[PDB]
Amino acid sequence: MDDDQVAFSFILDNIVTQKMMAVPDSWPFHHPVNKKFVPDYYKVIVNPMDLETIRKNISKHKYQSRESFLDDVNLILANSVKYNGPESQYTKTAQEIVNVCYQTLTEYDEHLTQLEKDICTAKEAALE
């Protein structure tokens, strides 16, 4: 009915909270960075992204499939390599946040693939 996206965004939020925010030493990427303590971030990094704004984006039902969801989560690893270098421990930790979020999205792959058809057929049909 009208629970397709509510369910979808529920499964995503649980990935963030119980598989990504649980990566060891993912302390830094949980919240947005304060610009008074990092004097260059918000102008070297044009598109900031943290896991708190991803959840607040999830609760707004913004991700209608993993492609738009993976876009945002891939951006915090792209942001740490563009600010800390590809070999920094921060970047290495962001690589594992992205990694745990990839096995988990294909560990629930089929079941997720069906919700994506359901949500969009509703948006297809609503137009036609």
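The first residue of the sequence shown is number 1, and the count goes up from there. Rigid core here is just the name for the largest C-alpha set that superposes within 1.5 Å across the two forms.
**Q** Looking at C-alpha RMS in 9 other deposited structures of this protein with the core superposed, is it 94-102 or 36-44 that drifts more?
**A** Evaluated in 9 other deposited structures of this protein, the stretch farther from the shown form is 36-44.
**Q** Higher mean Cα B-factor in the deposited model: 90-98 or 34-42?
**A** If you average the C-alpha B-factors of 90-98 and of 34-42, the larger mean comes out for 34-42.
**Q** Take the C-alpha B-factors listed in the entry for 9-17 and for 113-121, compute each mean, and give the stretch with the larger one.
**A** It is 113-121.
**Q** Ordered by C-alpha B-factor within the chain, which third holds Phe69? Give me lowest, middle or highest, please.
**A** Middle third by C-alpha B-factor.
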